[PDB]
Number of protein chains: 2
Amino acid sequence: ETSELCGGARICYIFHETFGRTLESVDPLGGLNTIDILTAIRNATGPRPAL
Amino acid sequence: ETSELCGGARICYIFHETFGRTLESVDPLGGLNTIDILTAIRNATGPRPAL
């Protein structure tokens, strides 16, 4: 019966138009505050000195 | 007795003038909404992608 997308290709839709796009919206630079990162890498060094 | 067509060739009539014509009136493009068909073939593909 011709109707709303369901059953089969609706899941295809879920795995592309929904899911694929959803992931495309994520970050890739999200959370990357330069200054906070500079702090983070200072923390990564820790108690020692670094070259 | 010469009268209304009956008995024999009346059935011939049924199998041609009635039946044959009746079938000739059916479709052949009936129900074929291009857009609904496009939906149908998307359904025919189902959850997978298609080439």
# chains A, B, ... in the order shown; residues from 1 in each chain; ligands from 1
>>> interface_residues(of="chain A", to="chain B", cutoff="12 Å", atoms="only C-alpha atoms", output="list in words")
residues 1, 2, 3, 4, 5, 6, 7, 8, 9, 10, 11, 12, 13, 14, 15 and 16 of chain A
>>> write_last_selection(atoms="N, CA and C atoms", output="compact mmCIF listing (two decimals), in the first residue's frame")
# COMPACT_ATOMS: atom_id res chain seq x y z
N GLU A 1 0.83 -1.19 0.00
CA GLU A 1 0.00 0.00 0.00
C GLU A 1 0.86 1.24 0.00
N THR A 2 0.63 2.12 -0.97
CA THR A 2 1.39 3.35 -1.06
C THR A 2 1.01 4.29 0.07
N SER A 3 1.99 4.63 0.90
CA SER A 3 1.74 5.43 2.08
C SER A 3 3.03 6.03 2.62
N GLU A 4 3.02 6.38 3.91
CA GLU A 4 4.21 6.83 4.59
C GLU A 4 5.31 5.79 4.53
N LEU A 5 6.54 6.25 4.33
CA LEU A 5 7.69 5.37 4.27
C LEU A 5 7.80 4.55 5.55
N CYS A 6 7.83 3.23 5.41
CA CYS A 6 7.89 2.36 6.57
C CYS A 6 8.44 0.98 6.24
N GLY A 7 8.73 0.20 7.27
CA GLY A 7 9.06 -1.21 7.13
C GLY A 7 10.51 -1.44 6.72
N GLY A 8 10.83 -1.10 5.48
CA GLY A 8 12.14 -1.39 4.92
C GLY A 8 12.97 -0.12 4.76
N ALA A 9 12.74 0.59 3.66
CA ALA A 9 13.55 1.75 3.29
C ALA A 9 13.44 2.89 4.31
N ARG A 10 12.47 2.82 5.20
CA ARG A 10 12.39 3.74 6.32
C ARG A 10 13.58 3.57 7.25
N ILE A 11 14.05 2.34 7.38
CA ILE A 11 15.24 2.08 8.16
C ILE A 11 16.48 2.55 7.41
N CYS A 12 16.46 2.38 6.08
CA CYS A 12 17.49 2.97 5.23
C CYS A 12 17.56 4.48 5.45
N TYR A 13 16.39 5.11 5.51
CA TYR A 13 16.27 6.52 5.83
C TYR A 13 16.91 6.81 7.19
N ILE A 14 16.56 6.00 8.19
CA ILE A 14 17.13 6.13 9.52
C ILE A 14 18.65 6.07 9.50
N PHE A 15 19.20 5.20 8.66
CA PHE A 15 20.64 4.99 8.63
C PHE A 15 21.38 5.96 7.73
N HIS A 16 20.68 6.95 7.19
CA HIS A 16 21.30 7.89 6.28
C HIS A 16 20.79 9.29 6.54
>>> select_by_dssp(residues="chain B", states="helix (DSSP H, G or I)", output="PDB file with N, CA, C and O atoms, in the first residue's frame")
ATOM      1  N   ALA B   9     -26.208 -18.545 -29.744  1.00  0.00           N
ATOM      2  CA  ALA B   9     -25.383 -17.396 -30.124  1.00  0.00           C
ATOM      3  C   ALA B   9     -25.487 -16.244 -29.120  1.00  0.00           C
ATOM      4  O   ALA B   9     -24.654 -15.339 -29.130  1.00  0.00           O
ATOM      5  N   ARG B  10     -26.467 -16.295 -28.238  1.00  0.00           N
ATOM      6  CA  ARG B  10     -26.537 -15.358 -27.128  1.00  0.00           C
ATOM      7  C   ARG B  10     -25.361 -15.533 -26.191  1.00  0.00           C
ATOM      8  O   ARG B  10     -24.870 -14.569 -25.614  1.00  0.00           O
ATOM      9  N   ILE B  11     -24.900 -16.763 -26.043  1.00  0.00           N
ATOM     10  CA  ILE B  11     -23.717 -17.025 -25.251  1.00  0.00           C
ATOM     11  C   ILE B  11     -22.472 -16.579 -26.006  1.00  0.00           C
ATOM     12  O   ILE B  11     -21.545 -16.029 -25.414  1.00  0.00           O
ATOM     13  N   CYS B  12     -22.481 -16.763 -27.324  1.00  0.00           N
ATOM     14  CA  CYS B  12     -21.441 -16.196 -28.179  1.00  0.00           C
ATOM     15  C   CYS B  12     -21.359 -14.686 -27.977  1.00  0.00           C
ATOM     16  O   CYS B  12     -20.275 -14.123 -27.836  1.00  0.00           O
ATOM     17  N   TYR B  13     -22.523 -14.047 -27.937  1.00  0.00           N
ATOM     18  CA  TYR B  13     -22.626 -12.630 -27.631  1.00  0.00           C
ATOM     19  C   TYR B  13     -21.997 -12.330 -26.274  1.00  0.00           C
ATOM     20  O   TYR B  13     -21.162 -11.431 -26.155  1.00  0.00           O
ATOM     21  N   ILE B  14     -22.361 -13.123 -25.264  1.00  0.00           N
ATOM     22  CA  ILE B  14     -21.795 -12.975 -23.928  1.00  0.00           C
ATOM     23  C   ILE B  14     -20.278 -13.058 -23.942  1.00  0.00           C
ATOM     24  O   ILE B  14     -19.610 -12.339 -23.207  1.00  0.00           O
ATOM     25  N   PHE B  15     -19.730 -13.941 -24.768  1.00  0.00           N
ATOM     26  CA  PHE B  15     -18.291 -14.165 -24.787  1.00  0.00           C
ATOM     27  C   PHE B  15     -17.537 -13.213 -25.700  1.00  0.00           C
ATOM     28  O   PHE B  15     -16.333 -13.372 -25.902  1.00  0.00           O
ATOM     29  N   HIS B  16     -18.226 -12.230 -26.252  1.00  0.00           N
ATOM     30  CA  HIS B  16     -17.591 -11.303 -27.168  1.00  0.00           C
ATOM     31  C   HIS B  16     -18.085  -9.897 -26.932  1.00  0.00           C
ATOM     32  O   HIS B  16     -17.325  -9.021 -26.511  1.00  0.00           O
ATOM     33  N   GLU B  17     -19.354  -9.676 -27.226  1.00  0.00           N
ATOM     34  CA  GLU B  17     -19.933  -8.356 -27.134  1.00  0.00           C
ATOM     35  C   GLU B  17     -20.032  -7.905 -25.690  1.00  0.00           C
ATOM     36  O   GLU B  17     -19.873  -6.724 -25.389  1.00  0.00           O
ATOM     37  N   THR B  18     -20.269  -8.845 -24.789  1.00  0.00           N
ATOM     38  CA  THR B  18     -20.253  -8.521 -23.375  1.00  0.00           C
ATOM     39  C   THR B  18     -18.858  -8.668 -22.789  1.00  0.00           C
ATOM     40  O   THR B  18     -18.233  -7.681 -22.404  1.00  0.00           O
ATOM     41  N   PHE B  19     -18.400  -9.907 -22.687  1.00  0.00           N
ATOM     42  CA  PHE B  19     -17.169 -10.244 -21.983  1.00  0.00           C
ATOM     43  C   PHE B  19     -15.935  -9.631 -22.617  1.00  0.00           C
ATOM     44  O   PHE B  19     -15.128  -9.003 -21.931  1.00  0.00           O
ATOM     45  N   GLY B  20     -15.775  -9.833 -23.919  1.00  0.00           N
ATOM     46  CA  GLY B  20     -14.600  -9.333 -24.619  1.00  0.00           C
ATOM     47  C   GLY B  20     -14.493  -7.824 -24.488  1.00  0.00           C
ATOM     48  O   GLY B  20     -13.429  -7.296 -24.159  1.00  0.00           O
ATOM     49  N   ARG B  21     -15.607  -7.136 -24.715  1.00  0.00           N
ATOM     50  CA  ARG B  21     -15.639  -5.689 -24.578  1.00  0.00           C
ATOM     51  C   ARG B  21     -15.379  -5.260 -23.144  1.00  0.00           C
ATOM     52  O   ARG B  21     -14.615  -4.326 -22.901  1.00  0.00           O
ATOM     53  N   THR B  22     -15.996  -5.958 -22.194  1.00  0.00           N
ATOM     54  CA  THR B  22     -15.795  -5.653 -20.785  1.00  0.00           C
ATOM     55  C   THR B  22     -14.328  -5.626 -20.446  1.00  0.00           C
ATOM     56  O   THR B  22     -13.847  -4.687 -19.814  1.00  0.00           O
ATOM     57  N   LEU B  23     -13.602  -6.645 -20.888  1.00  0.00           N
ATOM     58  CA  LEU B  23     -12.180  -6.698 -20.630  1.00  0.00           C
ATOM     59  C   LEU B  23     -11.440  -5.582 -21.343  1.00  0.00           C
ATOM     60  O   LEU B  23     -10.522  -4.988 -20.782  1.00  0.00           O
ATOM     61  N   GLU B  24     -11.866  -5.251 -22.553  1.00  0.00           N
ATOM     62  CA  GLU B  24     -11.231  -4.173 -23.294  1.00  0.00           C
ATOM     63  C   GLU B  24     -11.307  -2.835 -22.557  1.00  0.00           C
ATOM     64  O   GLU B  24     -10.431  -1.985 -22.718  1.00  0.00           O
ATOM     65  N   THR B  34       2.209   7.671 -11.455  1.00  0.00           N
ATOM     66  CA  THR B  34       3.662   7.722 -11.548  1.00  0.00           C
ATOM     67  C   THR B  34       4.321   7.885 -10.187  1.00  0.00           C
ATOM     68  O   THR B  34       5.328   7.247  -9.894  1.00  0.00           O
ATOM     69  N   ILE B  35       3.770   8.775  -9.369  1.00  0.00           N
ATOM     70  CA  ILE B  35       4.388   9.124  -8.101  1.00  0.00           C
ATOM     71  C   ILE B  35       4.226   8.000  -7.097  1.00  0.00           C
ATOM     72  O   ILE B  35       5.146   7.693  -6.337  1.00  0.00           O
ATOM     73  N   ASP B  36       3.057   7.373  -7.110  1.00  0.00           N
ATOM     74  CA  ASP B  36       2.796   6.237  -6.244  1.00  0.00           C
ATOM     75  C   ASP B  36       3.679   5.062  -6.626  1.00  0.00           C
ATOM     76  O   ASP B  36       4.137   4.314  -5.761  1.00  0.00           O
ATOM     77  N   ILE B  37       3.940   4.920  -7.921  1.00  0.00           N
ATOM     78  CA  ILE B  37       4.840   3.892  -8.417  1.00  0.00           C
ATOM     79  C   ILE B  37       6.259   4.142  -7.962  1.00  0.00           C
ATOM     80  O   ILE B  37       6.951   3.218  -7.543  1.00  0.00           O
ATOM     81  N   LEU B  38       6.685   5.397  -8.010  1.00  0.00           N
ATOM     82  CA  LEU B  38       8.002   5.760  -7.513  1.00  0.00           C
ATOM     83  C   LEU B  38       8.147   5.396  -6.040  1.00  0.00           C
ATOM     84  O   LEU B  38       9.186   4.889  -5.617  1.00  0.00           O
ATOM     85  N   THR B  39       7.084   5.604  -5.272  1.00  0.00           N
ATOM     86  CA  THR B  39       7.055   5.156  -3.889  1.00  0.00           C
ATOM     87  C   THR B  39       7.135   3.642  -3.805  1.00  0.00           C
ATOM     88  O   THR B  39       7.863   3.096  -2.976  1.00  0.00           O
ATOM     89  N   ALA B  40       6.375   2.967  -4.659  1.00  0.00           N
ATOM     90  CA  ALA B  40       6.323   1.516  -4.663  1.00  0.00           C
ATOM     91  C   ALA B  40       7.685   0.900  -4.951  1.00  0.00           C
ATOM     92  O   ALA B  40       8.057  -0.093  -4.330  1.00  0.00           O
ATOM     93  N   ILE B  41       8.427   1.476  -5.895  1.00  0.00           N
ATOM     94  CA  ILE B  41       9.737   0.930  -6.239  1.00  0.00           C
ATOM     95  C   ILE B  41      10.781   1.271  -5.186  1.00  0.00           C
ATOM     96  O   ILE B  41      11.733   0.514  -4.984  1.00  0.00           O
ATOM     97  N   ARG B  42      10.567   2.362  -4.456  1.00  0.00           N
ATOM     98  CA  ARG B  42      11.378   2.633  -3.282  1.00  0.00           C
ATOM     99  C   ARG B  42      11.114   1.598  -2.203  1.00  0.00           C
ATOM    100  O   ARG B  42      12.043   1.115  -1.552  1.00  0.00           O
ATOM    101  N   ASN B  43       9.848   1.219  -2.050  1.00  0.00           N
ATOM    102  CA  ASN B  43       9.487   0.156  -1.134  1.00  0.00           C
ATOM    103  C   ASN B  43      10.049  -1.180  -1.596  1.00  0.00           C
ATOM    104  O   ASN B  43      10.515  -1.976  -0.789  1.00  0.00           O
ATOM    105  N   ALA B  44      10.027  -1.399  -2.915  1.00  0.00           N
ATOM    106  CA  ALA B  44      10.558  -2.630  -3.500  1.00  0.00           C
ATOM    107  C   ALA B  44      12.035  -2.780  -3.193  1.00  0.00           C
ATOM    108  O   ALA B  44      12.501  -3.889  -2.911  1.00  0.00           O
ATOM    109  N   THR B  45      12.769  -1.674  -3.207  1.00  0.00           N
ATOM    110  CA  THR B  45      14.161  -1.683  -2.793  1.00  0.00           C
ATOM    111  C   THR B  45      14.287  -2.086  -1.338  1.00  0.00           C
ATOM    112  O   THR B  45      15.077  -2.963  -0.992  1.00  0.00           O
TER     113      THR B  45
END
>>> calpha_fit_and_write(fixed="chain A", moving="chain B", output="tab-separated table (two decimals) with C-alpha atoms, in the first residue's frame")
chain	number	residue	atom	x	y	z
B	1	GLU	CA	0.00	0.00	0.00
B	2	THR	CA	1.39	3.35	-1.06
B	3	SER	CA	1.74	5.43	2.08
B	4	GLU	CA	4.21	6.83	4.59
B	5	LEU	CA	7.69	5.37	4.27
B	6	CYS	CA	7.89	2.36	6.57
B	7	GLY	CA	9.06	-1.21	7.13
B	8	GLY	CA	12.14	-1.39	4.91
B	9	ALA	CA	13.55	1.75	3.29
B	10	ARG	CA	12.39	3.74	6.32
B	11	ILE	CA	15.24	2.08	8.16
B	12	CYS	CA	17.49	2.97	5.23
B	13	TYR	CA	16.27	6.52	5.83
B	14	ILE	CA	17.13	6.13	9.52
B	15	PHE	CA	20.64	4.99	8.63
B	16	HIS	CA	21.30	7.89	6.28
B	17	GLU	CA	18.92	10.81	6.37
B	18	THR	CA	18.63	10.60	10.13
B	19	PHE	CA	21.74	8.89	11.48
B	20	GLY	CA	24.28	9.86	8.84
B	21	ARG	CA	23.21	13.49	8.93
B	22	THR	CA	23.07	13.48	12.73
B	23	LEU	CA	26.70	12.47	12.85
B	24	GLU	CA	27.60	15.04	10.21
B	25	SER	CA	26.34	17.74	12.60
B	26	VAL	CA	28.64	16.56	15.40
B	27	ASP	CA	31.72	18.67	16.18
B	28	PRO	CA	34.47	18.10	14.48
B	29	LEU	CA	35.85	21.23	16.12
B	30	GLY	CA	33.30	21.24	18.94
B	31	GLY	CA	34.74	21.83	22.40
B	32	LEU	CA	38.12	22.92	21.02
B	33	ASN	CA	38.85	26.10	22.93
B	34	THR	CA	42.44	26.94	22.03
B	35	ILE	CA	43.17	28.30	25.49
B	36	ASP	CA	41.62	25.37	27.32
B	37	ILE	CA	43.68	23.08	25.10
B	38	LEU	CA	46.82	24.97	26.01
B	39	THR	CA	45.90	24.31	29.63
B	40	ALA	CA	45.20	20.67	28.82
B	41	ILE	CA	48.61	20.14	27.22
B	42	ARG	CA	50.26	21.82	30.18
B	43	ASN	CA	48.40	19.30	32.31
B	44	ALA	CA	49.49	16.56	29.90
B	45	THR	CA	53.09	17.53	30.60
B	46	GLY	CA	52.45	17.38	34.32
B	47	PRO	CA	55.03	17.97	37.10
B	48	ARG	CA	57.99	17.60	34.72
B	49	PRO	CA	59.53	20.07	32.25
B	50	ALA	CA	59.09	19.49	28.53
B	51	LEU	CA	61.04	19.94	25.31
